[PDB]
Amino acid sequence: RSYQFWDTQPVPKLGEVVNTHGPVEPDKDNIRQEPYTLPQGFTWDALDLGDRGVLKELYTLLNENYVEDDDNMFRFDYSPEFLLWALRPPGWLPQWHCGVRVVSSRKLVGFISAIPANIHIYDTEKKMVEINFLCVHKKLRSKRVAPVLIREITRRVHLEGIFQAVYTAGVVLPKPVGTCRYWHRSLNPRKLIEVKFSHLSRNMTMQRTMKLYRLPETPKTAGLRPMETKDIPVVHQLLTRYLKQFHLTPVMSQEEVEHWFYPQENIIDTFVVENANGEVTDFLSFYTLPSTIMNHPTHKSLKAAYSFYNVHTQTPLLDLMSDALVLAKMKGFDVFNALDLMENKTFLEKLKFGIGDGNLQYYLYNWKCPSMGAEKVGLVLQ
């Protein structure tokens, strides 16, 4: 393989073994003032997501043109309110919600975003951005619009004095810092089989399968309740302490922990364990991201929960994650998804998750370091 675009970028080569830790190139001290040129007939437009019409145009571009599974059966369906949670966290900047429109019709056909984040990578903490929501309309694919969108958001980030970034993708590019796998835990196996997310497995009847996946109707952990405003400080303390053990993690302020964890229905759920002394000792969290089931006459949507950050100090993680399943089931989810990062491999098989297809690769831009095992990746992105 060569990479016509990625070979020009300050990332390590696929196959180069990395022993050192540091930037790939030194920081730029004069940056290009003009936007990169789009192909004829298309124009940049910075999207004001606080305008409901504009946010709905972004909802529509992503609903019709964003990530599908490996078999072209399911497409993410991020909701407008979820996209406001994902894209306006503390420190968001309007120039970093970077849209491409057709000049004549004004139709939105491309987007890429950055949001700021402090990242801990081995022994270094650096201010970075997280790049997400790169999308080109299906009618514009394979025309090298993606390199323009990546160079343009690179420029706009460099203008604000930031020279590293973190991102994930399901394709292999120069050069993954860590390689993760999604696993899936059936909550509504009948629907999952029916829409062919799942198959009737290996000598089990549907009757047996529904039994195999049946869960308790209420969680078992004493003192589990939703996170409230008074818990913001201790959730922040728990998380900060917990993440020290991994090699790629976010460093969140208390304002960022309020944004990422405070519960918002149909977006983000966080439950804390408040013990018999009134102290919060653990928490679990998961976010809501349904998928469209394409071209299907009856079932139009699959409701999935995604494991976010789960912190245990007194409750065994196995038991916390069992309660997350019970909770997602009560909340009407069809499937609970989790990656094999952090300590998750200690529960995935025990709790009857099955491995999925594909991988999720993590990447750093303009930062060279040794790659790490999934168990040392402690960052989860939307």
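In this text, residue numbers run from 1 along the sequence as written. Superpose the two forms; the largest set of C-alphas matching within 1.5 Å is the rigid core.
- Root-mean-square C-alpha deviation from the shown form, taken over all structures in 8 other deposited structures of this protein superposed by the rigid core, is larger for 299-307 than for the alternative among 299-307 and 209-217.
- When the C-alpha B-factors of 224-232 and 291-299 are averaged, 291-299 comes out higher.
- Higher average CA B factor: 350-358, of the stretches 350-358 and 44-52.
- Remark: of 181, 97, 151, 158, 181 shows the highest value [criterion: C-alpha B-factor in the PDB entry].
- Going by the entry's values, 203 shows the largest Cα B-factor out of 79, 281, 164, 203.
- Ranked within its chain, residue 176 lands in the middle third, by CA B factor from the PDB record.
- Annotation for residue 118: CA B-factor lies in the middle third of the chain's modelled residues.
- The PDB entry assigns residue 194 a C-alpha temperature factor belonging to the highest third of its chain's modelled residues.
- For residue 317, the recorded CA temperature factor ranks within the highest third of the chain's modelled residues.
- Sort the chain's modelled residues by C-alpha temperature factor and residue 259 lands in the lowest third, per the entry.
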